[PDB]
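For the single chain, residues carry numbers from 1 onward in sequence order. Atom set for the values below is all heavy atoms of this structure, side chains included, hydrogens, waters and symmetry mates excluded.
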Amino acid sequence: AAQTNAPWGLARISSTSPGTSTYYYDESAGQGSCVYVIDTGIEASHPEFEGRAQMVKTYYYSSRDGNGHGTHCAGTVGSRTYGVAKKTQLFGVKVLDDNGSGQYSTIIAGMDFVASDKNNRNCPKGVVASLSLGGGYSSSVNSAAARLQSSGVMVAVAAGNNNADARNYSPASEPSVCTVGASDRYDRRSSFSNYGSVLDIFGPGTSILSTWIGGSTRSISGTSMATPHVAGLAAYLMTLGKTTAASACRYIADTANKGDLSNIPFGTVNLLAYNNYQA
């Protein structure tokens with residue numbers, strides 16, 4: 001399949017070259033996979049989700065995404081127009097309040113929630129968690145992400161927007177999950193993107209168009225936006241039978257576009273998420 005005039009990030013992950021506008025993808029589109037978007041929630045009513053989104057857990061009275069961030073990153077995973085895996089199931093876990101804030105304990109609880117929740121879901125192609133959040137280093141946050149991964153969830157996490165080594169940030173520094181840096185449409189490392197040896201992969205992160213609350217769309221930037229690209233790609237690749245939850249991070253790195261990014265600090269992978277789809 002081909003989505004013309006797609007967000008640059010979708011076209012990027014299907015192209016060996018920047019500057020294209022067409023997103024090429026196998027029509028399976030991540031069907032049979034599920035992605036938990038662990039964030040401010042998901043406006044599941046957004047037409048862009050076509051009923052494939054739902055809230056499964058909140059840590060506030062409301063499952064309603066009163067921020068936009070979770071709806072935005074859900075959109076990049078598998079929203080209709082703006083998503084990588086356009087047929088995947090999206091589950092909303094609202095660990096961040098509507099200001100985007102969340103206690104570590106709440107984030108840890110949300111990850112533990114997914115690890116068991118996925119046993120009440122039908123995700124025959126596998127299960128992904130997209131964590132577009134982060135704070136300073138936390139061994140207990142890291143171990144929460146490690147458990148989720150261990151449980152058989154493909155965890156993707158944002159490297160953080162500090163223009164610093166991601167070793168000082170959690171869950172970004174958890175080695176066993178997929179730590180995602182951000183690139184811009186010119187294949188530069190995003191200005192804010194964290195870096196370091198813990199990074200597993202880069203994805204489009206600057207000026208990413210996707211869903212927003214109120215049935216709308218907006219473009220925002222962050223490794224938080226690159227994360228759902230990789231989670232979507234993993235859901236897509238799992239549905240294709242190309243990898244598993246345990247191996248998706250390394251499979252995406254193995255098959256990534258290598259050496260195409262600029263301003264990658266020495267010691268940080270130079271790997272851009274790529275679906276390698278041959279139409």
Side-chain angles (χ1 to χ4, degrees), residues 1-35 48 50 52 73-90 123-128 130 154-156 178-189 199-210 225-262 264 269-279:
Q3 175 190 359
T4 45
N5 293 262
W8 79 263
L10 280 67
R12 192 59 196 91
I13 71 169
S14 57
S15 177
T16 50
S17 295
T20 60
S21 51
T22 304
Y23 176 36
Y24 297 104
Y25 60 99
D26 187 276
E27 67 184 312
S28 47
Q31 195 213 9
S33 69
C34 307
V35 182
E48 275 296 325
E50 312 174 297
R52 291 172 292 105
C73 296
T76 299
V77 174
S79 90
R80 209 239 172 264
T81 307
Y82 315 101
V84 175
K86 302 178 181 308
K87 295 200 38 144
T88 194
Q89 284 287 315
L90 308 153
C123 309
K125 301 306 188 174
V127 181
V128 183
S130 184
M154 191 277 182
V155 184
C178 212
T179 302
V180 186
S183 66
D184 73 25
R185 74 168 53 244
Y186 300 109
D187 281 354
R188 306 181 284 239
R189 185 176 64 84
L199 259 76
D200 291 304
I201 191 64
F202 280 79
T206 291
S207 288
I208 301 304
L209 181 56
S210 179
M225 303 336 134
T227 304
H229 280 92
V230 167
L233 176 62
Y236 167 89
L237 294 173
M238 282 152 73
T239 287
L240 281 177
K242 283 190 196 311
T243 185
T244 60
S247 70
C249 196
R250 214 157 21 257
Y251 177 93
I252 291 174
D254 284 353
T255 56
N257 282 308
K258 307 98 176 149
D260 294 324
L261 296 179
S262 75
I264 297 302
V269 297
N270 201 320
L271 299 170
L272 180 58
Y274 172 49
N275 72 355
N276 201 64
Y277 173 68
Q278 252 74 75

[X] [atom1] to [Y] [atom2] distance, which is reported to the nearest 0.5 Å:
| X | Y | atom1 | atom2 | value |
| --- | --- | --- | --- | --- |
| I252 | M154 | CD1 | CE | 4.5 Å |
| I13 | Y25 | CD1 | OH | 11.0 Å |
| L271 | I201 | CG | CD1 | 5.0 Å |
| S17 | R12 | OG | CZ | 6.5 Å |
| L90 | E50 | CG | CD | 10.5 Å |
| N276 | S15 | CG | OG | 11.5 Å |

Given 3.5 Å as the limit, does a donor-acceptor pair link the side chain of [X] with the main chain of [Y], or not?
| X | Y | answer |
| --- | --- | --- |
| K86 | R80 | yes |
| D200 | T179 | yes |
| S210 | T76 | yes |

Is [Y] close to [X] at the side-chain level, that is, under 4.5 Å between some pair of heavy atoms?
| X | Y | answer |
| --- | --- | --- |
| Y82 | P7 | yes |
| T81 | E48 | yes |
| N275 | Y23 | yes |

Tell me which donor-acceptor pairs under 3.5 Å the side chains of residues 227-238 have, and how far apart each pair is, sequence neighbours excluded?
unit_1: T227; atom_1: OG1; unit_2: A158; atom_2: N; d: 3.1
unit_1: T227; atom_1: OG1; unit_2: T223; atom_2: O; d: 2.7
unit_1: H229; atom_1: ND1; unit_2: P204; atom_2: O; d: 3.2
unit_1: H229; atom_1: ND1; unit_2: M225; atom_2: O; d: 3.0
unit_1: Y236; atom_1: OH; unit_2: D26; atom_2: N; d: 2.9

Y251 OH: over 12 foreign heavy atoms closer than 6.0 Å =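 Yes, enclosed.
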Test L272 against every option in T16, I264, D187 by the side chain to side chain contact (heavy atoms under 4.5 Å, CB included) rule and name the one that passes.
->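 Going through the options one by one, the only one that passes is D187.
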Side chain to side chain donor-acceptor pair (under 3.5 Å) partners for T88, two or more places apart |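 Counting only residues at least two positions away or on another chain, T88 forms a side chain to side chain donor-acceptor pair (under 3.5 Å) with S33.
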Verdict with supporting geometry, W8 and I208, side-chain contact (heavy atoms from CB on, under 4.5 Å) | CA-CA 8 Å; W8 79 263; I208 301 304; 3.7 Å; yes
Minimum-distance pair of heavy atoms, taken over all atoms of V127 and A245 |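 Distance-wise, the nearest heavy atoms are O-CB, 4.1 Å.
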Nearest heavy-atom pair of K87 and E27: which atoms, and what distance?
->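 The answer is CD-O, 4.1 Å.
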